[PDB]
Amino acid sequence: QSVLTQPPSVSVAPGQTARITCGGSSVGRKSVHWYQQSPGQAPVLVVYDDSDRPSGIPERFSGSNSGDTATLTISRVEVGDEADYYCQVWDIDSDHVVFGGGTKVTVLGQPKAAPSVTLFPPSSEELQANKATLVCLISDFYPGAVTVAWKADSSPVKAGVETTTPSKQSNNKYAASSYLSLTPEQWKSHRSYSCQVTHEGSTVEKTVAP
Amino acid sequence: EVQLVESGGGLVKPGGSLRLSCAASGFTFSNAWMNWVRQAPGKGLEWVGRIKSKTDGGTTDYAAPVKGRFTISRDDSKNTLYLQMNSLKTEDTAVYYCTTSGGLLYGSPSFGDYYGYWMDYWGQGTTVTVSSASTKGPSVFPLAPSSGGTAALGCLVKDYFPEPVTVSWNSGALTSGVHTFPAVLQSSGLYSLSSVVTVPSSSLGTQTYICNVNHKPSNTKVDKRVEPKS
Amino acid sequence: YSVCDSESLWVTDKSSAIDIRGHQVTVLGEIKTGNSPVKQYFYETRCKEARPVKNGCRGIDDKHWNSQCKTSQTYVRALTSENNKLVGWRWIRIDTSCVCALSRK
Ligand code: NA
């Protein structure tokens with residue numbers, strides 16, 4: 001029940017060093033273990049007892065403990081090290097094994113690619129059913145993270161928005177989609193709606209009108 | 001080599017029950033402490049409970065949100081770990097992993113022990129979904145085509161449950177340019193996805209584009225012709 | 001009176017200690033939380049001697065028990081390092097009391 005805290009994300013280029021820290025809870029009183037979780041796979045033990053390496057784990061993975069905080073260091077990073085890393089401790093104060101929240105390590109092994117954005121208005125068929133759905137399809141971006149913002153005319157709109165998690169395409173770039181639900185009266189009262197997709201600090205915007 | 005194979009996951013409504021198994025091999029199962037660890041979709045790892053080896057007393061401990069509803073047991077003569085999940089909650093939706101504990105030199109760790117007690121083997125997990133939504137076929141809407149001389153058209157597959165849905169185009173004869181996007185899980189508990197195909201603008205008046213939606217969980221099939229606004 | 005006699009002192013030159021892991025670590029000379037640094041001192045208590053009386057601790061039933069006064073240790077948090085790296089707060093063992101150890105015969 002005690003909080004083991006990790007930074008949510010780390011980006012690193014091939015060959016560089018990634019560092020993931022972990023604090024709180026029983027760090028300093030019980031040893032820290034580290035697990036690697038590759039996408040779609042079960043976790044794998046990569047460090048135990050603060051700094052020991054299981055058989056088969058590359059020497060590039062090393063852990064350390066500074067008393068109040070623990071650090072997993074991944075030297076000479078490879079694209080195969082892209083994963084979520086979890087620290088773990090026995091929590092004395094609550095009698096629980098506890099895990100950190102996880103750190104997403106992104107390895108930048110490809111050039112940056114801006115997303116392609118296709119935005120669809122509500123179909124007439126849906127409108128005649130007293131519903132309205134705006135569909136924003138986002139594809140071919142790298143690295144795999146975007147933020148989507150919808151605008152009514154030019155005003156922000158947070159309600160009615162459902163955005164997927166990004167998923168890897170067979171070309172190793174990423175796709176996602178976002179849906180804005182409105183009433184037919186909302187859709188027709190405004191001059192336009194916009195889907196603004198931000199990727200690495202650059203925005204690609206698409207707009208539709210009744 | 002060590003193998004841990006979980007089974008028994010599935011979809012249930014709140015208040016239902018499920019029984020997970022984990023078949024172990026490649027090590028002396030009777031000497032190992034066993035755990036269940038779960039991971040809600042898109043979140044972190046959460047310990048569920050443990051059962052000691054019979055040598056160390058064969059007792060169980062459970063995480064707070066699960067105490068009184070889940071029961072761990074083991075059958076050493078079949079090398080199997082069990083998780084009995086009763087009175088399930090939507091918060092119990094997760095992949096459930098079976099796990100061995102390592103680094104126990106002295107039986108049950110003492111108060112003053114600093115080292116030990118890691119999870120050295122994990123199975124690949126079984127998926128448990130708890131949802132109050134009922135099986136429901138999708139509403140299909142055309143996404144009309146409305147430059148490289150190309151147009152994007154497609155169809156919106158709305159409010160279906162549970163996964164999956166299979167979208168095709170022209171019964172299968174159209175595959176070039178098709179991008180069927182992963183579904184979104186809405187706050188209502190229902191899925192929606194879109195499939196869009198890129199096509200040449202020159203054919204919009206002479207080629208008939210139909211999207212074939214099949215939802216096997218509900219046995220719903222929809223053929224929906226997509227045509228330009230005009 | 002006590003079975004064992006203890007004495008206290010402010011320890012100002014601690015440079016090394018055993019931590020909760022059982023490892024030897026370096027104890028740093030000073031700390032800084034606020035505007036200026038605070039030198040790292042410890043309050044310690046230890047036995048005056050092992051046998052305050054002839055046969056060990058005072059008040060012990062000589063005929064049935066052997067006894068001896070021993071310095072016991074506790075954990076306190078201290079700013080520490082490992083060969084001047086991995087600086088951080090660690091639980092270290094320091095002298096905290098004097099306790100009478102017993103054994104039959
Ligand atoms: Na980046």
# chains A, B, ... in the order shown; residues from 1 in each chain; ligands from 1

call {"tool": "interface_residues", "arguments": {"of": "chain A", "to": "chain B", "cutoff": "8 Å", "atoms": "only C-alpha atoms", "output": "JSON, numbers by chain"}}
result
{"A": [29, 30, 31, 33, 41, 42, 43, 44, 45, 48, 49, 86, 90, 96, 97, 98, 99, 100, 101, 102, 118, 120, 121, 122, 123, 125, 126, 135, 137, 162, 163, 164, 167, 175, 176, 177]}

call {"tool": "residues_near_ligand", "arguments": {"ligand": "ligand 1", "cutoff": "7 Å", "atoms": "only C-alpha atoms and all ligand atoms", "output": "PDB file with N, CA, C and O atoms, in the first residue's frame"}}
result
ATOM      1  N   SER A  11      13.173   8.881 -22.664  1.00  0.00           N
ATOM      2  CA  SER A  11      13.531   8.712 -24.068  1.00  0.00           C
ATOM      3  C   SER A  11      15.038   8.727 -24.200  1.00  0.00           C
ATOM      4  O   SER A  11      15.714   9.522 -23.548  1.00  0.00           O
ATOM      5  N   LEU A 108      14.852   5.747 -29.454  1.00  0.00           N
ATOM      6  CA  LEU A 108      14.641   6.461 -30.713  1.00  0.00           C
ATOM      7  C   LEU A 108      15.538   5.884 -31.804  1.00  0.00           C
ATOM      8  O   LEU A 108      16.593   6.426 -32.146  1.00  0.00           O
ATOM      9  N   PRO A 143       8.159   9.211 -33.083  1.00  0.00           N
ATOM     10  CA  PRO A 143       7.887   8.106 -32.147  1.00  0.00           C
ATOM     11  C   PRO A 143       6.420   8.022 -31.771  1.00  0.00           C
ATOM     12  O   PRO A 143       5.618   8.877 -32.152  1.00  0.00           O
ATOM     13  N   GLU A 200       5.560  15.715 -30.967  1.00  0.00           N
ATOM     14  CA  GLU A 200       6.886  16.295 -30.771  1.00  0.00           C
ATOM     15  C   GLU A 200       6.850  17.805 -31.002  1.00  0.00           C
ATOM     16  O   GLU A 200       7.644  18.365 -31.758  1.00  0.00           O
TER      17      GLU A 200
END

call {"tool": "interface_residues", "arguments": {"of": "chain A", "to": "chain C", "cutoff": "9 Å", "atoms": "only C-alpha atoms", "output": "list in words"}}
result
residues 28, 29, 30, 31, 64, 65, 66, 67, 68 and 69 of chain A

call {"tool": "residues_around", "arguments": {"residues": "residue 2 of chain B", "least_positions_apart": "6", "cutoff": "9 Å", "atoms": "only C-alpha atoms", "output": "ChimeraX atom specification"}}
result
/B:24-27,121

call {"tool": "residues_around", "arguments": {"residues": "segment 204-218 of chain B", "least_positions_apart": "5", "cutoff": "9 Å", "atoms": "only C-alpha atoms", "output": "VMD selection string"}}
result
chain B and resid 135 to 138 140 142 145 151 153 to 155 157 160 to 172 174 195 199 223 to 228

call {"tool": "select_by_dssp", "arguments": {"residues": "chain A", "states": "helix (DSSP H, G or I)", "output": "NGL selection string"}}
result
:A and (79-81 or 124-127 or 184-189)

call {"tool": "residues_around", "arguments": {"residues": "residue 63 of chain C", "least_positions_apart": "3", "cutoff": "9 Å", "atoms": "only C-alpha atoms", "output": "PDB file with N, CA and C atoms, in the first residue's frame"}}
result
ATOM      1  N   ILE C  60      22.117 -10.222  39.361  1.00  0.00           N
ATOM      2  CA  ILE C  60      21.892 -11.529  38.755  1.00  0.00           C
ATOM      3  C   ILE C  60      22.041 -12.626  39.798  1.00  0.00           C
ATOM      4  N   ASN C  66      24.907 -17.252  34.197  1.00  0.00           N
ATOM      5  CA  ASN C  66      26.024 -16.438  33.753  1.00  0.00           C
ATOM      6  C   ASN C  66      25.476 -15.167  33.121  1.00  0.00           C
ATOM      7  N   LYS C 105      23.472 -21.897  33.926  1.00  0.00           N
ATOM      8  CA  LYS C 105      24.666 -22.435  34.595  1.00  0.00           C
ATOM      9  C   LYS C 105      25.564 -21.300  35.096  1.00  0.00           C
TER      10      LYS C 105
END

call {"tool": "atom_distance", "arguments": {"atom1": "atom CA of residue 35 of chain A", "atom2": "atom CA of residue 13 of chain A"}}
result
21.0 Å

call {"tool": "atom_distance", "arguments": {"atom1": "atom CA of residue 171 of chain A", "atom2": "atom CA of residue 113 of chain A"}}
result
12.0 Å
